[PDB]
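K.L.:
only the shape, not the letters, is given here:
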């Protein structure tokens, strides 16, 4: 993109300043997605529990 | 329906003016697996029939492939159900 | 019974006038289907063990395996129904 | 073939689900505990199923601090929307509780503040009347529509944020008081006059008045006054909802 | 039952293979009988016929249910014997071995179908 | 990213095991074809190569399908692995170097190593579900 | 369904509450005022003797008009529950 | 059609979503919300135990959804069981009576909103609405109807507390809790005016009207 | 005709899942537990006897009340079924009779009429024509109504004590005291001098 | 007659499941817990001693009170069973007797009569033959009544203190001064001075 | 860098203490106590719901932590991506702004008490105060500050109540309770001066 | 003599469940939080600091108080455990002794005597031979009594303020003025100027010594 090339030159300025599919793949990505979804569910559950504990307060 | 064809022409007019999904993918996978299994079964029945040209090697290999595909479908269903149960267990 | 014949004539009058799903009825019909399949396979094995002509061993084994598949069908449906009922009844209003 | 790329679908369906569910758990009527949890989760899931395919999918991994920042952003947006909506019901509850306290309904708070003995029954009456009015004016549909619309204004992707904007929501805490005063005003003032009248009676022969004649008279007068004042809340109800909604529209951006 | 319709073809093929196996072994056993004709069945036609009934009605409990109760083709002789026996050793030995092999194949296919139907259910 | 990087070594080793077993099965299939030099790959060097630079394919191009009625078709495709020749043991008049003892020993060894990779990857994934589950 | 129907719902409800509570409150108020004016006439002032007849009067009020309140409130609730499925939206 | 293994797999998988069908596609939500709200109203948060209310709601839903289930059985389950309609068409045939039942009880505003949110084309008649639009519209309409019913239910039980507090306050007993006095009177009211028959009949009419 | 033993085992072990549901909806557990909770609310203290003690006591009371019905079921269904004299389905049908009679004896007519209206029932006839799926919700509704009727009159004496104490305290002059605080010991005194627990169990048992 | 080992361990684990019910309905835990809750309510401090502290105190007091019964069960029943002298059935039957005697010692004859008449039991000669299904609910009811008696009696000194402070404040004209704020510190002082905690625990132990 | 699974375990475990972080480490206690005392001042203990007060305190806490959140983003969020610093050196580096903020808002007396409670003699410098000594001292300082702000809020409402009672007594009334008369005047004073916005401005200025 | 690794892991994880019980009945926590539960009552604000703030403050104060006991347990018992010079049984026997001494020094003799008599224990030669079953409930009883003593003493200055304010209000003829609302800000004044929180925590810590 024109804006994409703008971003490339921006990252160059940043550097300046700083100075078919098989079962093997199907199953592995399937498991990885299951793991990531479980992680997201657990993190959200922790956040929701913390929020409800905060809001169940008594001021 | 007459009103149904009216709706079809209306959607065609909509396309004129203006100028696949997960369930669809699962349906496609189920159809593919069932079609493979039916093809293997039909070839096996043809061999059992005595019709010429059908080799036992191909029958047995196709049955093997159909079994593997069925097992793949079973595993996908198992996981999918597990993920759905995990999502529905989330406390809101 | 006298009252039983009264009920028969009452059902005949009902048919005259006429000229409803049941989940319990459907479960009873399914359990009957499984039980008669198992009993038919068992009786076939009975006759084949007793030595009666006309019964084949491969048919005996195939009928037994069909009965096993039917019972597994029933067990899985039972598991799903019990899990659904428990999850519905574990909810709080 | 038989790809079914799972990460793409997960990243497409997750963050809109997080934002929708964050709004659901805090938005009034949609956040009431009487709804079973599974109903709320299913409503969020179905709304996300309808909305997400049109949105551009994000590719940030769930196993990164960027995912945590995204989740925090969605939670902040949802709770901000729900709470800004809840402010109006807070104002109505305040006005009702004050009318009830000028009724003398709960006199034990003036002597024992927060002593496990308080019944703001008028506050509850007007709170549920306000909920009924909000249901009638289809405010919840609007809330859902605005939850969808805040994407175009603020996309899922991590975007920079501002400051006094938060103050605005916090400064909305003034409205709860300011609008509450007006609703009361149409009744408390006359009640005040009534109390003033009772004072004139006590300027006569000492004692023998107040706590024996004032309470029943003022209770009946408050009852019939605000029973007549009931038709007045609905225009004020729409005014409160419009204030909350356009404040949300102006400040969320 | 739908379960019968799926397994009907293989069960009928297995039963027909067993019957033809019995017929071939009877041909082998009666090889020395003078005047015995070697009989056999056409597997495909009989399989069509079996693949392509009315249980009497039981009004009450005492009523008794209905009680239940192939065509043989002569083999074309190859060599003329003097005692009228047309059984040829080589032809029927090959047919016997082939029928044994096909019976094993049918058992394998039927077992695979049942095992698939089972692993669909197990869980 | 982190989870993808942590499980990438064993996943790539298992994929390379699969490709090596495909090659060994091809060698076993062509064991009686006259004039077929047995092919095999150096597992360690190719594994490190796939590790540093991602997996690539010789061609694997295919007809594009914009419409829903376009007929799908793909041309020949194969990995970017270096197919090396195995040194023959003893000469043969037909001219193939597929020595069956070597083929079956490599087949069994690759089989066990692929099962080992499956065991390691499954253990890691459970070792992670154990943490997440709650 | 319309907000006019809702606000009417609240008004009629709370007028029913007013009708239920008006006899008891008015009886108590009249008794208190009478006892107060008698105290003023007699020049007697104790804050406890006005509390005595009020309880008796208010309790008699349930004897006399209690059935009327019980019949009015039940009729209101019965009509509300019967008309519930026609004001649904 | 699908192979028998695939059909069995699909049947077993679809047996899982029964609670989802009961909660998001059935009359259960309104009844359970009304019961929870009524229990909140009478002041006994643990009175009819959750299991009793759940069983009553299940029986009410079974009695209410009877014509829809009958139509599904006569139109979809009967031809499917007699090998006249394939497994992948029985679902489509049976999803129509449930869709009609969900439509009648839904609301225009919700339908318009969820037709706009999907960026779908104009829907000139109800016959062009897909399930992806009707599902959440029906859910939102059911939630709003249940909350309306519960909030008009709540009014008398708060009226009684209001009058109790006012009467207590007339006599100067300012330190007497009003809830403890009002709870027996609320129970007496709910006993007198056929508390449950009227509520049961009102909910059932609320569905068939 | 009889079911196979595997089918019998499957049905028998599946039916044990509805044991809490049977105990709650179909037996006397609901009324007793509701009355006990209301009495706890009426005592002035919300959790004086732990929920566990009340639940166990209600279970024992339910067993004692239903013992005649259990005996009738055992004589009619359990004993002839275990001796292999009747089938499982016929045993269940025979054993449903005494429980149906027990449920009918405590069922309000209006509840049964309403739930027959909602189930499209037309010519019902004998009290012995009501199906189980119609009889059960009517019984539950009648039990809830009866429990509320018992609770709101259990509340009466404690309200009397509360009002008397509040009136005496305020008329005497001490209007700043909390009447409930002084009233709670007197509520306990009234409950123990009347033998409230024993009399309450007697009344609950004689309500059937 | 001796149960096989697998049946024995099945019985043991199933019985271990019922442990809280035995603690609540067969030991002295319920009465101590009720008295502690009423005492906490009586001081005007609804949450000063955390529930866990009072539960632990009640558990330790129950263990100390029931030590003689546990010793009798060990010596007479459990010890021969652990040395394989007697089977599990007879060991349980022998172990029931000391606990049954303890529960009969602390029950009221009226409640026993109520539950016997309710259960339609035949005439029973002496306390030797009374079924556990009859004794357990009667013992629970007697424990509830005794706990309420003790709590109501305990409520008296704090009532005296509240009344005297309210009267002292009222006689001074202080009409709008609430007496709870002044009474709570003096309730604490009264309970501290009389060595209230140890005295009340000693009184509870002595009543058993 | 240690194992990814251990990192996940630690992250999810630390997610549990989020209310502890909000209460003990941020200022949330101060705003919540100020809101409670202000509600007690107006004489209505249930006029704004506890939920609304909690959410308002949450929004105020988010704004007043926005500079510290920005410093955390600069020192921890960004360099964790460029991998110049990560895991240990960074979590502590990101927690450093919290340490600076809590040192700023903590009195010296509380820190001195909690040090002599831990026998930490050689604590000489003021930028190396351990978290164990810094946290409860900060909480106690927040309690004192919140009580002081609550008293300052109390002063005008107490003045209004006293004035109303004095005028009632001077006018001849001896039985009329002044709370009923003074409540609407308290509200009209609170609204007219726009008490809420100045209160939040002062709280933000109070740091 | 040492336990097996499986048994050691089982015992450790099982004993990890008793952490709240150990904290309440064996450490200082019981005396602290209870006093807080009374202090928030003395100030006139039951809301006060939130419950979680007070609980965590009590937890930190408890850790600071038991730092010497924890250090002694770590040195005498757990260090040989980590450095393999002791078993789990001997570690459990040895590590409890400093905690037993800490519990005994705050245990009133009367309560200890009461629980001995109630357990029918034989003649205990000296403090060192007191069983834990006798020391635990006696320590809890003495802890409750001491906490109530501290709370009642704390209740004094606020009572002084309330009495003075009420007397001033009544001496002026302002009889209808509730003095609680007036005296609450002055109670907050008293707690602020004297540095009530720091003084109270210092007093508690010194009391445990």
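P.N.:
Nice, I can see it. Numbers count the residues shown, from 1 in each chain, chains lettered A, B, ... in the order given.

K.L.:
burial of the residue in chain A positioned nearest to chain D, as a residue count?
P.N.:
Of the residues in chain A, the one nearest chain D is residue A:33, at a distance of 3.4 Å by CB to the nearest CB. Every C-beta, even on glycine, is put in place using the N, C-alpha and C of the backbone. Using other CB atoms under 10 Å in any protein chain shown, the number of residues around residue A:33 comes to 21.

K.L.:
ok, it touching residue D:8?
P.N.:
No. Using CB atoms under 8 Å as the test, residue A:33 is too far from residue D:8 to be in contact (9.5 Å).

K.L.:
show me what from chain D comes close to chain J.
P.N.:
Along chain D, the residues adjacent to chain J under the rule CB under 8 Å from any CB of the partner chain are D:111, D:112, D:115.

K.L.:
ok, the residue nearest the centre of chain H - contacts?
P.N.:
With distances taken as CA atoms, centre = their mean, residue H:30 lies nearest the centre of chain H, 2.6 Å away. Taking CB atoms under 8 Å, 6 or more residues apart in numbering or on different chains, we find residue H:30 in contact with H:142, H:145, H:146, H:149, H:203, H:206, H:207.

K.L.:
what sits against residue D:202?
P.N.:
Contact analysis of residue D:202 by CB under 8 Å, 6+ apart lists D:209, D:210, K:172, K:173, K:174, K:175, K:176.

K.L.:
look up how far residue G:40 lies from it.
P.N.:
12 Å (CB to CB, to the nearest Å).

K.L.:
rewinding a little: tell me which of the residues of chain D next to chain J fall in helices.
P.N.:
If you go by DSSP state H, the residues of chain D next to chain J have residue D:111 in helices.

K.L.:
drop anything exposed from the residues of chain D next to chain J.
P.N.:
With neighbours counted using 16 or more other CB atoms under 10 Å in any protein chain shown, the residues of chain D next to chain J contain these buried positions: D:111, D:112, D:115.

K.L.:
including distance to chain B, could these go into CSV?
P.N.:
Output for those, formatted as CSV (distance: CB to the nearest CB, whole Å):
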residue, distance to chain B
D:111, 42
D:112, 38
D:115, 34
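
K.L.:
all helices of the chain, in order?
P.N.:
Picked chain A for this. Using DSSP H, helices in chain A cover A:2-18, A:23-55.

K.L.:
that's the other chain; I wanted chain H
P.N.:
In chain H, the helices defined using DSSP H lie at H:4-14, H:18-24, H:28-42, H:50-64, H:66-72, H:78-81, H:87-104, H:108-117, H:131-170, H:178-192, H:195-207.

K.L.:
do the longest helix belonging to chain D and chain K meet?
P.N.:
Longest helix in chain D by number of residues (criterion: DSSP H): helix D:65-102. Yes. Helix D:65-102 is in contact with chain K by CB under 8 Å from any CB, via D:65, D:69, D:76, D:79-80, D:83, D:86-87, D:90, D:93-94, D:97-98, D:101-102.

K.L.:
out of those, which end up buried?
P.N.:
Among those, the ones that count as buried by 16+ other CB under 10 Å are D:76, D:79-80, D:83, D:86-87, D:90, D:93-94, D:97-98, D:101-102.

K.L.:
between those residues, which sits nearest residue D:232?
P.N.:
Nearest to residue D:232 among these, counting by CB to CB, is residue D:98 at 15.2 Å.

K.L.:
alright, calling it a day.
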